[PDB]
Amino acid sequence: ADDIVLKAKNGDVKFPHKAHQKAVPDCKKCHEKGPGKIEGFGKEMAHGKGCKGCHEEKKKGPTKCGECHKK
Ligand code: HEC
Ligand code: HEC
Ligand code: HEC
Ligand SMILES: C[C@H](CCC(=O)O)[C@H]1CC[C@H]2[C@@H]3CC[C@@H]4C[C@H](O)CC[C@]4(C)[C@H]3C[C@H](O)[C@]12C
């Protein structure tokens, strides 16, 4: 499958799966979550444990606006 881009108005956000599979070998961090996770994702989650928050806890991955958002 292909990577996806989240169409944030302030700038596209790329989600590179290969890097995540490698850096987060514990797949259950994202997969086999209960229902609601597709509907649930948004800016709140992204800026929280959905994206940025994991980067902060693991001490790797983009945490600055322009590192995720790019026109
Ligand atoms: C969240 C940060 C994830 C982690 C950790 C893992 N995966 Fe993932 N996966 C995630 C998304 C959002 C998607 C769909 C969008 C995309 O970029 O592909 C996927 C997709 C997969 C797939 C399909 C891949 C393909 O056919 O190219 C597989 C087989 C898959 N994910 C498995 C997988 C495994 C085995 C992981 C741990 C080792 C793993 N993923 C981590 C989100 C996230
Ligand atoms: C842990 C549970 C994570 C979640 C959820 C998300 N990301 Fe992540 N990401 C994580 C780590 C530990 C790393 C470092 C990978 C590396 O090899 O450097 C990353 C990396 C990224 C990157 C950069 C990829 C690269 O080639 O260096 C991007 C662009 C990125 N992450 C974006 C991103 C987004 C948009 C997420 C939510 C939709 C997201 N990540 C979730 C750990 C985790
Ligand atoms: C990656 C880890 C991110 C960082 C760091 C920042 N943002 Fe973000 N933001 C991210 C994603 C994946 C999304 C989309 C959520 C979704 O619904 O798919 C967003 C969203 C926004 C928005 C809203 C955009 C819209 O609704 O169209 C804004 C205004 C925004 N982000 C701004 C922003 C700023 C100023 C940041 C630094 C302070 C920042 N983001 C960090 C991913 C990530
Ligand atoms: C569930 C995990 C981990 C975050 C958490 O614990 O909630 C999160 C991390 C990345 C999230 C995905 C980001 C890309 C997509 C954004 C869409 O708007 C909703 C579906 C997708 C596919 C999201 C589904 C789910 O919300 C995921 C896989």
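A few points on the structure.

Conventions adopted
Residues numbered from 1 in each chain as written, not as in the entry; some residues may be left out. Chains lettered and ligands numbered in written order. Heavy atoms only, no water. Residues with missing side-chain atoms left out of burial classes, pairs and counts. Near = heavy atom within 4 Å. Polar contact = N/O pair within 3.5 Å; in protein donor to acceptor, adjacent residues only side chain to side chain. Nonpolar A, V, L, I, M, F, W, Y, C, P; charged D, E, K, R; others polar. Patch = residues over 30% accessible without salt bridge, like charges linked within 9 Å, V, L, I, M, F, W, Y side chains within 5 Å. Areas by Shrake-Rupley, 256 points an atom, 1.4 Å probe, with all protein chains shown as cover. Salt bridge = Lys/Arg side-chain N within 4 Å of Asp/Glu carboxyl O. Helix = DSSP H or I, 4+ residues; strand = E, 2+ residues; numbered from the N terminus. Buried < 20%, exposed > 50% of the residue type's maximum accessible area, 1.4 Å probe, protein only. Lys, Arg positive; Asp, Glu negative; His and termini not counted. Charge placed at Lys NZ, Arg CZ, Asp CG, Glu CD.

Take the site of ligand 1 next. Neighbouring ligand 1 are 13 residues; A1, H17, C27, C30 and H31 lie closest to it. Residue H17 places a side-chain N or O atom 2.8 Å away from a nitrogen atom belonging to ligand 1. Within the side chain of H31, a nitrogen or oxygen atom sits 2.8 Å from a nitrogen atom of ligand 1. A per-class count over the shell around ligand 1 returns seven nonpolar, four polar and two charged.

All right, on to a nonpolar patch on the surface then. There is a patch of nonpolar side chains on the surface, built from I4, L6, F15 and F41 and spanning about 310 Å² of accessible area. Residue placement: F41 occurs in the loop between α2 (37–40) and α3 (43–47). Overall, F41 belongs to the partly exposed group, its relative accessible area being 39%.

Now for a positive patch on the surface. There is a patch of like positive charges on the surface, built from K28, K29, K33, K37, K49 and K58. Among the residues examined, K58 registers a relative accessible area of 46% and is labelled partly exposed.

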